[PDB]
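Structure first, commentary second.
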Amino acid sequence: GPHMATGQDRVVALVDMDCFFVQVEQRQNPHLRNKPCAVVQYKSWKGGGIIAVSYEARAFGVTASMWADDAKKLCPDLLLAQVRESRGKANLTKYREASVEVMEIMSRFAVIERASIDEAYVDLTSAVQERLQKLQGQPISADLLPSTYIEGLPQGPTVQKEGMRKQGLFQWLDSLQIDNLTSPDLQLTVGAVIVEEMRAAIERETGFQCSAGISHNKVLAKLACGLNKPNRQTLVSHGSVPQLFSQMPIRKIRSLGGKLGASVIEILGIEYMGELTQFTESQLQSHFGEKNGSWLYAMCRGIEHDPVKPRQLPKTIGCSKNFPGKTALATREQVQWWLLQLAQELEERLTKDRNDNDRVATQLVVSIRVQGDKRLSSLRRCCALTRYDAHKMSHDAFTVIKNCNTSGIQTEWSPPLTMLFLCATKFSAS
DNA sequence: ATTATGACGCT
DNA sequence: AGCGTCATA
Ligand SMILES: [Ca+2]
Ligand SMILES: [Mg+2]
Ligand SMILES: [Mg+2]
(Lines give C-alpha, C1' and ligand atoms only; values in the text may rest on other atoms or scores of the structure.)
(Ligands and ions follow the chains in the order given, each with its own letter.)
Protein backbone atom coordinates (compact mmCIF):
# COMPACT_ATOMS: atom_id res chain seq x y z
CA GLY A 1 0.00 0.00 0.00
CA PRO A 2 1.86 3.09 1.32
CA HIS A 3 5.24 1.84 0.17
CA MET A 4 4.37 0.80 -3.37
CA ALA A 5 6.14 3.09 -5.82
CA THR A 6 3.83 4.33 -8.58
CA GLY A 7 6.38 5.85 -10.96
CA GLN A 8 4.77 9.27 -10.70
CA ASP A 9 7.85 11.21 -9.58
CA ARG A 10 8.72 12.85 -12.91
CA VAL A 11 7.02 14.76 -15.68
CA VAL A 12 8.50 13.66 -19.04
CA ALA A 13 7.53 14.79 -22.52
CA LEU A 14 8.39 13.47 -25.94
CA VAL A 15 8.19 15.93 -28.82
CA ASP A 16 8.19 14.45 -32.32
CA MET A 17 7.99 16.40 -35.51
CA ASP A 18 5.18 15.58 -37.93
CA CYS A 19 6.29 14.12 -41.26
CA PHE A 20 9.55 15.84 -40.67
CA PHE A 21 11.55 15.68 -43.90
CA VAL A 22 8.34 16.53 -45.78
CA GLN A 23 7.78 19.62 -43.63
CA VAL A 24 11.38 20.68 -44.25
CA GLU A 25 10.79 20.45 -48.01
CA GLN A 26 7.34 22.13 -47.78
CA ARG A 27 8.78 25.10 -45.90
CA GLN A 28 11.36 25.50 -48.68
CA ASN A 29 8.94 24.98 -51.54
CA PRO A 30 5.47 26.44 -50.92
CA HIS A 31 4.15 24.52 -53.97
CA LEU A 32 4.34 21.33 -51.88
CA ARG A 33 2.31 22.67 -48.97
CA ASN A 34 -1.08 21.06 -48.25
CA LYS A 35 -0.50 18.39 -50.87
CA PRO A 36 0.02 14.67 -51.04
CA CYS A 37 3.78 14.65 -51.09
CA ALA A 38 6.74 12.56 -50.10
CA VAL A 39 10.51 12.72 -49.81
CA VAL A 40 12.46 10.28 -51.93
CA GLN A 41 16.13 9.33 -52.10
CA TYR A 42 17.65 8.39 -55.44
CA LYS A 43 15.44 7.81 -58.52
CA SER A 44 16.87 5.30 -61.00
CA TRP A 45 15.76 2.19 -59.14
CA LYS A 46 11.94 2.02 -59.11
CA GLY A 47 11.55 5.78 -58.82
CA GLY A 48 13.61 6.05 -55.65
CA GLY A 49 12.86 5.03 -52.08
CA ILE A 50 10.32 7.00 -50.06
CA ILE A 51 11.53 7.97 -46.58
CA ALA A 52 8.85 10.49 -45.51
CA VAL A 53 5.15 11.03 -46.38
CA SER A 54 2.67 13.87 -45.78
CA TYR A 55 -0.60 13.03 -44.05
CA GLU A 56 -2.51 13.88 -47.24
CA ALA A 57 -0.51 11.24 -49.07
CA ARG A 58 -0.92 8.69 -46.26
CA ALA A 59 -4.66 8.88 -46.90
CA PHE A 60 -3.95 7.19 -50.26
CA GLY A 61 -1.92 4.44 -48.58
CA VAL A 62 1.50 5.85 -49.38
CA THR A 63 4.10 4.90 -46.76
CA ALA A 64 7.81 5.24 -46.16
CA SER A 65 9.82 2.10 -47.16
CA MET A 66 7.88 2.22 -50.42
CA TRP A 67 9.34 2.69 -53.92
CA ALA A 68 8.14 5.92 -55.55
CA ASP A 69 6.90 4.02 -58.60
CA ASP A 70 4.62 1.95 -56.36
CA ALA A 71 3.49 4.98 -54.39
CA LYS A 72 2.52 6.66 -57.68
CA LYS A 73 0.24 3.70 -58.39
CA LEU A 74 -1.72 4.53 -55.20
CA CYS A 75 -1.47 8.28 -55.63
CA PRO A 76 -0.91 9.46 -59.21
CA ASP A 77 -0.72 13.13 -58.19
CA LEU A 78 1.83 12.48 -55.42
CA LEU A 79 4.41 15.25 -55.31
CA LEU A 80 8.02 14.32 -54.65
CA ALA A 81 10.99 16.15 -53.22
CA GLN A 82 14.43 14.56 -53.65
CA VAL A 83 17.13 14.21 -51.02
CA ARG A 84 20.22 16.10 -52.07
CA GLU A 85 23.06 14.17 -53.62
CA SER A 86 26.68 15.14 -53.01
CA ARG A 87 29.83 13.19 -53.86
CA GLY A 88 27.70 10.44 -55.37
CA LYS A 89 25.57 9.80 -52.29
CA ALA A 90 22.47 10.96 -50.45
CA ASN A 91 23.32 13.89 -48.21
CA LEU A 92 21.06 14.56 -45.22
CA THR A 93 22.52 17.92 -44.15
CA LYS A 94 19.38 19.98 -44.76
CA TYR A 95 17.42 17.79 -42.35
CA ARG A 96 20.17 17.69 -39.73
CA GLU A 97 20.30 21.49 -39.82
CA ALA A 98 16.50 21.75 -39.54
CA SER A 99 16.72 19.38 -36.58
CA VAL A 100 19.17 21.69 -34.81
CA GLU A 101 16.65 24.55 -35.24
CA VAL A 102 14.01 22.62 -33.33
CA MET A 103 16.36 21.18 -30.72
CA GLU A 104 17.71 24.63 -29.84
CA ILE A 105 14.18 26.01 -29.27
CA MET A 106 13.26 23.06 -27.06
CA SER A 107 16.45 23.55 -25.04
CA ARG A 108 15.14 26.98 -23.92
CA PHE A 109 12.45 25.28 -21.85
CA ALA A 110 14.46 22.39 -20.44
CA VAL A 111 17.31 19.93 -20.66
CA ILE A 112 16.64 17.66 -23.65
CA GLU A 113 17.68 14.21 -24.83
CA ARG A 114 18.00 14.02 -28.61
CA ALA A 115 16.42 10.66 -29.40
CA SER A 116 16.41 10.93 -33.20
CA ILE A 117 16.78 13.47 -35.96
CA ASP A 118 13.24 14.68 -35.25
CA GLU A 119 12.42 14.01 -31.62
CA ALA A 120 13.60 14.78 -28.13
CA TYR A 121 12.64 13.91 -24.58
CA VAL A 122 12.12 16.67 -22.05
CA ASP A 123 12.29 16.32 -18.25
CA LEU A 124 9.77 18.96 -17.13
CA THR A 125 9.65 18.08 -13.42
CA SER A 126 11.50 21.25 -12.30
CA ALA A 127 9.75 23.53 -14.79
CA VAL A 128 6.40 22.20 -13.58
CA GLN A 129 7.23 22.99 -9.95
CA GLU A 130 8.11 26.55 -10.96
CA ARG A 131 4.95 27.07 -12.99
CA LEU A 132 2.93 25.64 -10.12
CA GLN A 133 4.22 28.29 -7.70
CA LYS A 134 3.53 31.19 -10.06
CA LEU A 135 0.11 29.75 -10.43
CA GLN A 136 -0.80 29.98 -6.73
CA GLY A 137 -3.48 27.30 -6.71
CA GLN A 138 -5.26 28.95 -9.63
CA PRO A 139 -7.25 26.48 -11.80
CA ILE A 140 -5.96 25.53 -15.24
CA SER A 141 -8.20 26.87 -17.97
CA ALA A 142 -9.03 24.64 -20.94
CA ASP A 143 -7.84 27.59 -23.01
CA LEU A 144 -4.29 26.84 -21.92
CA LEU A 145 -4.56 23.36 -23.49
CA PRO A 146 -5.96 24.02 -26.99
CA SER A 147 -4.35 21.01 -28.70
CA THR A 148 -4.29 18.53 -25.80
CA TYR A 149 -5.97 15.12 -25.61
CA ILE A 150 -6.47 13.34 -22.32
CA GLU A 151 -6.11 9.63 -23.03
CA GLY A 152 -9.07 7.60 -21.73
CA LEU A 153 -11.50 10.50 -21.66
CA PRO A 154 -14.30 11.26 -22.15
CA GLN A 155 -15.93 8.34 -20.51
CA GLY A 156 -19.08 7.10 -18.85
CA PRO A 157 -22.46 8.86 -18.41
CA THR A 158 -21.39 14.99 -30.09
CA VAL A 159 -19.95 13.04 -33.01
CA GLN A 160 -17.04 15.27 -34.11
CA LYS A 161 -13.36 14.99 -33.28
CA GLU A 162 -12.62 18.41 -31.74
CA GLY A 163 -15.84 18.12 -29.76
CA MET A 164 -14.72 14.80 -28.29
CA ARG A 165 -11.32 16.28 -27.41
CA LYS A 166 -12.90 19.14 -25.46
CA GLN A 167 -15.33 16.76 -23.70
CA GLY A 168 -12.44 14.69 -22.39
CA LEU A 169 -10.40 17.74 -21.47
CA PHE A 170 -13.35 19.17 -19.54
CA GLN A 171 -13.82 15.92 -17.56
CA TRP A 172 -10.12 15.84 -16.77
CA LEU A 173 -9.97 19.44 -15.59
CA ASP A 174 -13.26 19.09 -13.71
CA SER A 175 -11.71 16.30 -11.67
CA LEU A 176 -8.37 17.98 -10.99
CA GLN A 177 -7.35 19.00 -7.50
CA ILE A 178 -5.35 22.17 -8.13
CA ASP A 179 -5.08 22.57 -4.35
CA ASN A 180 -2.26 20.02 -4.17
CA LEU A 181 1.15 21.00 -5.55
CA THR A 182 2.39 17.41 -5.24
CA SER A 183 -0.54 15.88 -7.15
CA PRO A 184 0.88 13.86 -10.07
CA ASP A 185 -2.17 14.47 -12.26
CA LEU A 186 -1.88 18.21 -11.67
CA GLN A 187 1.84 18.05 -12.38
CA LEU A 188 1.18 16.31 -15.71
CA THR A 189 -1.42 18.95 -16.58
CA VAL A 190 0.98 21.80 -15.92
CA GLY A 191 3.52 19.82 -17.95
CA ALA A 192 1.03 19.81 -20.82
CA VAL A 193 0.57 23.60 -20.54
CA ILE A 194 4.33 24.02 -20.91
CA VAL A 195 4.45 21.65 -23.90
CA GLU A 196 1.68 23.66 -25.63
CA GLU A 197 3.99 26.65 -25.16
CA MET A 198 7.00 24.71 -26.46
CA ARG A 199 5.10 23.48 -29.50
CA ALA A 200 3.75 26.96 -30.23
CA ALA A 201 7.32 28.30 -30.07
CA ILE A 202 8.58 25.62 -32.44
CA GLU A 203 5.87 26.38 -34.97
CA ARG A 204 6.24 30.16 -34.64
CA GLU A 205 9.99 30.16 -35.05
CA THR A 206 10.48 27.42 -37.65
CA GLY A 207 7.15 26.88 -39.39
CA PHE A 208 7.22 23.20 -38.38
CA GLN A 209 4.36 21.42 -36.62
CA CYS A 210 4.84 18.57 -34.17
CA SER A 211 3.07 16.24 -31.81
CA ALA A 212 3.91 15.44 -28.22
CA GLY A 213 3.24 13.12 -25.38
CA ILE A 214 3.22 14.00 -21.71
CA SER A 215 3.51 11.38 -19.05
CA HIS A 216 5.61 10.23 -16.14
CA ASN A 217 8.41 8.54 -18.08
CA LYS A 218 9.92 8.19 -21.56
CA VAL A 219 8.11 5.04 -22.70
CA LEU A 220 4.65 6.39 -21.84
CA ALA A 221 5.51 9.80 -23.25
CA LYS A 222 6.56 8.20 -26.55
CA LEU A 223 3.43 6.06 -26.67
CA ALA A 224 1.26 9.06 -25.82
CA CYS A 225 2.79 11.16 -28.58
CA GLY A 226 1.61 8.75 -31.29
CA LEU A 227 -1.98 8.49 -30.05
CA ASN A 228 -3.09 11.74 -31.66
CA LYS A 229 -0.92 12.67 -34.61
CA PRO A 230 -0.47 15.08 -36.31
CA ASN A 231 -0.26 18.51 -34.69
CA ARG A 232 -1.70 17.43 -31.33
CA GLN A 233 -0.41 16.43 -27.90
CA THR A 234 -1.63 13.71 -25.56
CA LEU A 235 -1.50 13.37 -21.78
CA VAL A 236 -1.25 9.78 -20.49
CA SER A 237 -1.86 9.72 -16.75
CA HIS A 238 -0.78 6.95 -14.40
CA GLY A 239 -4.46 6.11 -13.94
CA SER A 240 -5.04 5.70 -17.68
CA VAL A 241 -2.49 2.89 -17.94
CA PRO A 242 -4.57 -0.21 -17.02
CA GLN A 243 -7.20 0.49 -19.71
CA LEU A 244 -4.65 1.70 -22.25
CA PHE A 245 -2.49 -1.37 -21.76
CA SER A 246 -5.37 -3.86 -21.63
CA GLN A 247 -5.62 -3.87 -25.43
CA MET A 248 -2.13 -2.61 -26.35
CA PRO A 249 -0.09 -5.05 -28.42
CA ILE A 250 3.26 -5.66 -26.75
CA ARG A 251 5.13 -4.65 -29.92
CA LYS A 252 3.86 -1.08 -29.65
CA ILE A 253 6.08 -0.29 -26.66
CA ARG A 254 9.49 1.05 -27.40
CA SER A 255 12.10 -1.68 -27.36
CA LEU A 256 9.59 -4.48 -27.73
CA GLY A 257 9.02 -4.15 -31.47
CA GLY A 258 11.62 -6.78 -32.33
CA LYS A 259 12.79 -10.22 -31.23
CA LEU A 260 12.39 -9.67 -27.46
CA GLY A 261 8.79 -8.58 -27.87
CA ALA A 262 8.11 -11.58 -30.08
CA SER A 263 9.60 -13.83 -27.41
CA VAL A 264 7.43 -12.27 -24.67
CA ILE A 265 4.39 -13.13 -26.77
CA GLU A 266 5.52 -16.66 -27.61
CA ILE A 267 6.92 -17.73 -24.26
CA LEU A 268 4.12 -16.34 -22.10
CA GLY A 269 1.31 -16.89 -24.59
CA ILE A 270 -0.01 -13.35 -24.28
CA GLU A 271 -0.80 -10.48 -26.68
CA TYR A 272 -1.25 -7.25 -24.73
CA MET A 273 0.96 -5.21 -22.41
CA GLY A 274 -1.53 -5.42 -19.54
CA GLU A 275 -1.36 -9.22 -19.50
CA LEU A 276 2.20 -8.95 -18.18
CA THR A 277 0.97 -7.88 -14.73
CA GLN A 278 0.06 -11.47 -13.85
CA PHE A 279 3.68 -12.63 -13.74
CA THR A 280 6.07 -12.20 -10.83
CA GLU A 281 9.21 -10.16 -11.29
CA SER A 282 11.24 -13.36 -10.83
CA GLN A 283 9.15 -15.09 -13.48
CA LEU A 284 9.84 -12.36 -16.01
CA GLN A 285 13.53 -12.28 -15.04
CA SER A 286 13.71 -16.03 -15.58
CA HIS A 287 12.60 -15.76 -19.21
CA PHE A 288 14.01 -12.43 -20.33
CA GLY A 289 16.99 -11.88 -18.06
CA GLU A 290 17.46 -9.86 -14.91
CA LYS A 291 17.40 -6.43 -16.52
CA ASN A 292 14.58 -7.03 -19.00
CA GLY A 293 12.47 -8.87 -16.44
CA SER A 294 12.63 -6.01 -13.92
CA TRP A 295 11.98 -3.50 -16.70
CA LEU A 296 8.95 -5.45 -17.94
CA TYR A 297 7.54 -5.94 -14.43
CA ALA A 298 7.61 -2.18 -13.84
CA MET A 299 6.69 -1.14 -17.40
CA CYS A 300 3.44 -3.09 -17.58
CA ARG A 301 2.36 -1.13 -14.47
CA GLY A 302 3.25 2.18 -16.19
CA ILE A 303 6.52 2.54 -14.31
CA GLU A 304 9.92 3.16 -15.84
CA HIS A 305 12.99 4.94 -14.53
CA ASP A 306 15.21 5.54 -17.59
CA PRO A 307 16.42 9.12 -17.19
CA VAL A 308 16.16 11.82 -19.78
CA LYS A 309 19.80 12.22 -20.65
CA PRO A 310 21.22 15.63 -20.98
CA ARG A 311 22.48 15.14 -24.53
CA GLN A 312 21.38 17.44 -27.35
CA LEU A 313 24.11 16.45 -29.80
CA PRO A 314 24.69 13.14 -31.55
CA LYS A 315 27.53 11.01 -30.04
CA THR A 316 28.75 9.79 -33.41
CA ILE A 317 29.01 11.23 -36.89
CA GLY A 318 28.72 8.66 -39.67
CA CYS A 319 28.61 8.28 -43.47
CA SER A 320 27.31 5.15 -45.16
CA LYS A 321 26.45 3.91 -48.62
CA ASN A 322 24.98 0.70 -49.97
CA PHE A 323 26.12 -0.66 -53.33
CA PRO A 324 23.40 -3.09 -54.18
CA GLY A 325 22.91 -5.74 -56.70
CA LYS A 326 24.88 -5.05 -59.72
CA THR A 327 26.50 -1.88 -58.40
CA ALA A 328 28.65 -3.75 -55.84
CA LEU A 329 32.28 -2.62 -55.72
CA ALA A 330 34.45 -5.21 -57.44
CA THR A 331 37.65 -3.24 -58.09
CA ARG A 332 40.18 -1.78 -55.66
CA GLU A 333 40.00 1.64 -57.33
CA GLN A 334 36.23 1.58 -56.97
CA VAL A 335 36.63 0.84 -53.28
CA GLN A 336 39.18 3.59 -52.85
CA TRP A 337 37.14 6.14 -54.77
CA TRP A 338 34.05 5.58 -52.63
CA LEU A 339 36.03 5.51 -49.38
CA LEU A 340 37.28 8.94 -50.40
CA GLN A 341 33.78 10.19 -51.18
CA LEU A 342 32.52 9.06 -47.77
CA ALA A 343 35.62 10.45 -46.06
CA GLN A 344 35.19 13.84 -47.70
CA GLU A 345 31.60 14.13 -46.48
CA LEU A 346 32.74 12.93 -43.05
CA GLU A 347 35.53 15.53 -42.96
CA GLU A 348 33.06 18.24 -43.91
CA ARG A 349 30.65 17.32 -41.16
CA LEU A 350 33.42 16.77 -38.61
CA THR A 351 35.03 20.15 -39.28
CA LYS A 352 31.67 21.92 -38.92
CA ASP A 353 31.04 19.92 -35.74
CA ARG A 354 34.39 20.94 -34.22
CA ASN A 355 33.67 24.64 -34.83
CA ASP A 356 30.07 24.53 -33.59
CA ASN A 357 30.42 22.22 -30.65
CA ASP A 358 33.97 22.47 -29.26
CA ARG A 359 34.85 18.80 -29.54
CA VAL A 360 37.02 16.42 -31.57
CA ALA A 361 36.43 12.80 -32.54
CA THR A 362 39.30 10.42 -31.71
CA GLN A 363 38.24 7.11 -33.22
CA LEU A 364 37.35 6.12 -36.78
CA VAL A 365 35.14 3.07 -37.27
CA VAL A 366 35.17 1.37 -40.67
CA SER A 367 32.45 -1.09 -41.62
CA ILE A 368 31.74 -3.09 -44.76
CA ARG A 369 29.16 -5.57 -45.99
CA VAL A 370 30.01 -8.38 -48.34
CA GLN A 371 27.75 -9.89 -50.98
CA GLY A 372 25.75 -12.79 -49.54
CA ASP A 373 25.79 -11.80 -45.88
CA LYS A 374 22.32 -11.54 -44.52
CA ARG A 375 23.76 -9.39 -41.80
CA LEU A 376 23.74 -5.69 -42.37
CA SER A 377 27.32 -5.31 -41.27
CA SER A 378 29.74 -8.03 -42.06
CA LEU A 379 32.78 -6.48 -40.43
CA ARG A 380 33.64 -3.52 -38.22
CA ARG A 381 37.17 -2.37 -37.35
CA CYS A 382 38.37 0.73 -35.49
CA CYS A 383 41.53 2.77 -35.95
CA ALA A 384 42.85 6.09 -34.63
CA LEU A 385 41.33 9.32 -35.91
CA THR A 386 44.06 11.86 -35.28
CA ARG A 387 43.52 14.40 -38.02
CA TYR A 388 40.44 15.66 -39.86
CA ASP A 389 41.71 14.81 -43.32
CA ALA A 390 39.60 12.93 -45.87
CA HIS A 391 42.55 11.43 -47.74
CA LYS A 392 44.17 10.20 -44.52
CA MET A 393 40.88 8.82 -43.24
CA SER A 394 40.12 7.02 -46.52
CA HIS A 395 43.65 5.64 -46.73
CA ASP A 396 43.36 4.47 -43.11
CA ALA A 397 39.98 2.90 -43.83
CA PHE A 398 41.42 1.00 -46.77
CA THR A 399 44.24 -0.32 -44.63
CA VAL A 400 41.93 -1.81 -42.00
CA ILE A 401 39.70 -3.59 -44.54
CA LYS A 402 42.23 -4.45 -47.28
CA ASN A 403 42.71 -7.95 -45.84
CA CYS A 404 39.02 -8.68 -46.34
CA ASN A 405 39.67 -9.07 -50.06
CA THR A 406 39.49 -12.80 -50.87
CA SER A 407 40.67 -12.27 -54.45
CA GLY A 408 44.20 -13.44 -55.27
CA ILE A 409 44.27 -10.51 -57.66
CA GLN A 410 44.77 -7.34 -55.64
CA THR A 411 43.21 -5.17 -58.35
CA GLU A 412 40.00 -7.16 -58.01
CA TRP A 413 37.84 -7.16 -54.92
CA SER A 414 36.03 -10.34 -53.93
CA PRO A 415 33.54 -11.01 -52.77
CA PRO A 416 32.22 -7.61 -54.00
CA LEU A 417 31.42 -4.92 -51.41
CA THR A 418 27.74 -4.07 -50.98
CA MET A 419 28.30 -1.45 -48.27
CA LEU A 420 30.86 1.04 -46.95
CA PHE A 421 30.53 2.90 -43.64
CA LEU A 422 32.78 5.46 -41.94
CA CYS A 423 31.97 6.65 -38.44
CA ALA A 424 33.72 9.15 -36.18
CA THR A 425 33.36 8.35 -32.48
CA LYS A 426 34.81 8.95 -28.99
CA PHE A 427 34.63 12.74 -28.77
CA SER A 428 36.78 14.80 -26.43
CA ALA A 429 36.32 18.45 -25.53
CA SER A 430 38.39 20.85 -27.62
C1' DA B 1 17.40 -3.21 -54.38
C1' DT B 2 14.66 0.63 -48.78
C1' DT B 3 18.74 3.53 -47.45
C1' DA B 4 21.12 6.36 -44.22
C1' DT B 5 21.77 6.79 -40.19
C1' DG B 6 22.40 6.60 -34.53
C1' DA B 7 22.00 4.70 -29.43
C1' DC B 8 22.71 1.13 -26.34
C1' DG B 9 23.40 -4.02 -24.81
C1' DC B 10 26.26 -8.34 -24.63
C1' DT B 11 30.45 -10.80 -23.79
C1' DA C 1 36.63 -4.27 -29.02
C1' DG C 2 33.43 -6.22 -32.35
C1' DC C 3 28.83 -7.84 -32.81
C1' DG C 4 23.87 -7.57 -32.26
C1' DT C 5 19.31 -5.32 -31.41
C1' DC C 6 16.17 -1.74 -31.99
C1' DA C 7 14.99 2.45 -33.53
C1' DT C 8 13.83 6.61 -36.74
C1' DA C 9 13.65 10.06 -41.36
CA1 LIG D 1 8.20 12.39 -36.63
MG1 LIG E 1 10.50 10.44 -34.76
MG1 LIG F 1 8.09 7.57 -38.79
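Note on naming: letters A, B, ... go to the chains in the order of the sequence lines (proteins, then strands), and numbering restarts at 1 for each one. We use all heavy atoms of the structure for the numbers below, so side chains are in, but hydrogens, waters and symmetry mates are not.
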Per-nucleotide protein contact string for nucleotides 4-9 of chain C (B base, S sugar-phosphate only, - none; heavy atom under 4.0 Å): SSSSSB
Base, sugar-phosphate, or nothing for [X], non-hydrogen atoms under 4.0 angstrom?
X: A:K46; value: nothing
X: A:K326; value: nothing
X: A:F421; value: nothing
X: A:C319; value: sugar-phosphate
X: A:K309; value: sugar-phosphate

Got a salt bridge between [X] and [Y], using NZ or NE/NH1/NH2 to carboxylate O under 4.0 Å?
X: A:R199; Y: A:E203; answer: no
X: A:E348; Y: A:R87; answer: yes
X: A:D69; Y: A:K72; answer: no
X: A:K94; Y: A:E97; answer: no

Whichever of A:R96 and A:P324 has the more 5' nearest nucleotide on DNA chain B, that residue is A:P324
Judged by modelled atom types alone, do A:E281 and A:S294 share a side-chain donor-acceptor pair under 3.5 Å?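 Result is yes, a qualifying pair exists.
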Assess whether atom CZ of A:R84 is packed by more than 12 heavy atoms of other residues, nucleotides or ligands within 6.0 Å. no
Does atom NZ of A:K392 have more than 12 heavy-atom neighbours, drawn from other residues, nucleotides or ligands, at distances under 6.0 Å? no
Suppose you measure atom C1' in C:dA7 against the same atom in B:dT2; what distance do you get, rounded to whole Å? 15 Å
Interface limits on DNA chain B, where chain A has a heavy atom under 4.0 Å of a nucleotide atom: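 Counting from the 5' end, contacts occupy B:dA1 to B:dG9.
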Flag side-chain contact, heavy atom, 4.5 Å: A:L227 against A:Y149: no
